[PDB]
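Throughout, residue positions are numbered sequentially from 1 according to the sequence presented. Note that ligands are numbered from 1 as they come in the structure, with each ligand's atoms numbered from 1 the same way. Just so you know, these numbers use all the heavy atoms, side chains as well, and skip hydrogens, waters and symmetry mates.
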Amino acid sequence: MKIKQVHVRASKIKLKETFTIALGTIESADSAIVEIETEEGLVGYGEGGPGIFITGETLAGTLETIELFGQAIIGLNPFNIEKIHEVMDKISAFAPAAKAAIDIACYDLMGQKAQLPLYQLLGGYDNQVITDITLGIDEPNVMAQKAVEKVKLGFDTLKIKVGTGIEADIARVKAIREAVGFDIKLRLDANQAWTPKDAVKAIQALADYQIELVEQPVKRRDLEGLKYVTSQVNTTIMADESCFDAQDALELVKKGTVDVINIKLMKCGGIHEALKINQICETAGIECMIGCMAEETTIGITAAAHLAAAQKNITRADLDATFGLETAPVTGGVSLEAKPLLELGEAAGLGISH
Ligand SMILES: [Mg+2]
């Protein structure tokens, strides 16, 4: 198999509601969609979701980078994922969004060539995944109301955003808690909003509220501070922005900074790297959750889903980007219907088409 050509296009999908987190807001899912054509005719799909306030990447920069990658890999075999990353890495010292887009399309081609759904090439542990659904920052009573709604849809886990201040945040959780019950799992994400000691205070405050875990409580660069938190509460602390790639993961397991790690294809540059992170985490006894950027769509979510189902140590999933999309940019793959169960089929690759 040989890559004949690489095409990339912009994608802009209106979100059904304006999403808001501690780092900023977003109202449109704008990403880079790639299509890699082989000499034999097979076409693999990939996506690059740039998150300016998470990674600093932009759609303009992502599109430019993807084009440089596309011209550099013509003639290579998609199965040579090792060289493909070698090639991209020599071109750019940092562009996870661009790299993930190429990476994902290559794995899609691999699956299509082997005539196997992608999850089978990635470990084959399962052929489906269960995802939570996130609740963007808002008013305590508003979030509590939306919670009941998602639960009504069939969701058992809810990701709750916080970060305006330990005060209002605490009020937010409790409100939602005594609104849906105690059978529902509740994970919290503060996107680096708290200081070490105020983090310990806020978490302990929700001691009797039964929180599953707290995602990135402090600044991504304050590793000593993050470990401080992890080591003060018995509650499960997860690292997100503090862990982009495998080298980040190695540093965290070494220092024993957190309990769980959030993996995002758009942070590590693709499945190839995601595989590395999960392996390092599993070996260290740290489970992983597979996340997503608000800007990515069907292709990125589908790729992430196949990886999550395939790998045993990826025990949690936060693949809800397609739930807020007004329309689908492609056919097949993970539906936009808000449902916790994402079942992957027997279609080869990502199972996606124009
Ligand atoms: Mg997070």
Qualifying residues under side chain to side chain donor-acceptor pair (under 3.5 Å), relative to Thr302, sequence neighbours excluded = none
Using the ring of each side chain (for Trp, its six-membered ring), is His354 parallel, tilted or perpendicular to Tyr45, with breaks at 30° and 60°?
-> perpendicular
same_hphob_cluster(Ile81, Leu265) at 4.5 Å side-chain heavy-atom cutoff | yes
Mind checking the CG-OG1 spacing from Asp320 to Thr322? Nearest 0.5 Å is all I need.
-> 8.0 Å
Take the Mg ion (ligand 1) as the centre and count protein N, O or S atoms at distances under 2.8 Å.
-> 3
For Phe182 and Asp208, work out which heavy atoms get closest and say how close.
-> CZ-O, 3.9 Å
Just checking, any donor-acceptor pair under 3.5 angstrom between side chains of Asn77 and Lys2?
-> no
